[PDB]
Each structure stands twice: as structure tokens, then as C-alpha cells.
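Consider the single chain below, provided in C-alpha cells and representing the form deposited in one PDB entry.
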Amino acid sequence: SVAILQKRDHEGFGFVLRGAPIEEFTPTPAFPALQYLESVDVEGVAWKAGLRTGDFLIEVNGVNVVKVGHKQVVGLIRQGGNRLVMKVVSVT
């Protein structure tokens, strides 16, 4: 799916990112991407946009991140400022 987030300058998006040798990695239908959402504050910015714990990250602001490191994805979220667009799959 796809989520669209808009926040104030002095809040966050209300989610935590986790992920990991990132050259022979291999997507599966159980572990599709390197990065996934560890927690989504309930009734938070990301939540209200329909983001949930367990969502894996395919795209961030137009860039594909299936085999992209962690520091690089967090950099994409930062560059967007108060706007963020992500493509996620829910392994649920």
C-alpha cells in the first residue's frame, strides 16, 4: 500500500524503524524488505495514515529501499521534512 504523512515541525511521525552484508540479501514473501516498522504509536500521525507495526518498507519518497541500508532510509525520511510518502507491504 501507500501512506501519506503530514506533521508539525516539532512532532515526529510516530513510528520506529528497524533493519540490518546487505549485498547478497534476498527478498522473500515473508521478509520482503530490509526495513520494517517496529512500532506505530496508536492514534499517531503514521497510524492515522493507516501504517501498522509489521509493515515492511518498499519505497520512501520515490526511492526503492528493499536493499538499501538503514542510515540511508532514515536519511530519506529526514530530507522530506514534514512530508513523507512510503510504499509498504504488510506480511500479516
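Numbering starts at 1 and runs along the sequence shown.
Although it is not shown, the form solved in complex with a partner chain is what the next lines describe.
Exercise. Can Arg83 be called a contact residue for the partner chain in the deposited complex at 4.5 Å between heavy atoms?
Worked result: Heavy-atom contact with the partner chain at 4.5 Å: absent for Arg83.
Exercise. Hey, in the deposited complex, is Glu38 touching the partner chain, heavy atoms inside 4.5 Å?
Worked result: Yes, contact at 4.5 Å.
For this session: Indicate whether the candidate residues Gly19, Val74 and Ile77 are all in contact with the partner chain in the deposited complex, with contact defined as any heavy atom within 4.5 Å.
Result: All of them do, each having a heavy atom within 4.5 Å of the partner.
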